[PDB]
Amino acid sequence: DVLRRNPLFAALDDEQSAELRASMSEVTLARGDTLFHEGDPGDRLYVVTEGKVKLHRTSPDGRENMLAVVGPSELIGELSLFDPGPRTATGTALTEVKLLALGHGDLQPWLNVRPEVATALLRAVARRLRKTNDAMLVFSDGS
């Protein structure tokens, strides 16, 4: 429910979302705690359940580049679930936070049983890709 309040999982039914929740782990942050640092290995997504999380980078002059504030029911590290890679930002608790995490290693076991879910996940991610490279302009003019 908190879990289906995002486009990735918004297509799941009660049974499927109940199973997803049981595949996930509970994560707690105190205010000011770091969830991860830019460049850390990332192989998991989070759904925020309560509190707020800040994502930033830092410019070569030393100034914070503030990228987002992620609140209840929003995703962190969505694409890490499918394609693990270095974190592109540092995540920092602004408040007492609760999240649910799903790791890349938990993906295959969840999907082995449920190929109905794999297709729903593929539809979700492909919907997003569709709009991106469509928007991603022309210059087919040899500028």
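Residues carry their position along the shown sequence, with the first being 1.
Engineer: If I compare the deposited sequence with the modelled residues, how many are absent between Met136 and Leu137: none, 1 to 3, 4 to 9, or 10 or more?
Structural biologist: According to the record, 1 to 3 deposited residues lack coordinates from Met136 to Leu137.
Engineer: Comparing 94 to 102 with 107 to 115, where is the mean C-alpha B-factor higher?
Structural biologist: In the deposited entry, the stretch with the higher C-alpha B-factor mean is 107 to 115.
Engineer: Between 11 to 19 and 125 to 133, which has the larger average Cα B-factor in the PDB entry?
Structural biologist: It is 125 to 133.
Engineer: By its CA B factor, does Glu64 count among the lowest, middle or highest third of the modelled residues in the chain?
Structural biologist: CA B-factor rank for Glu64: highest third.
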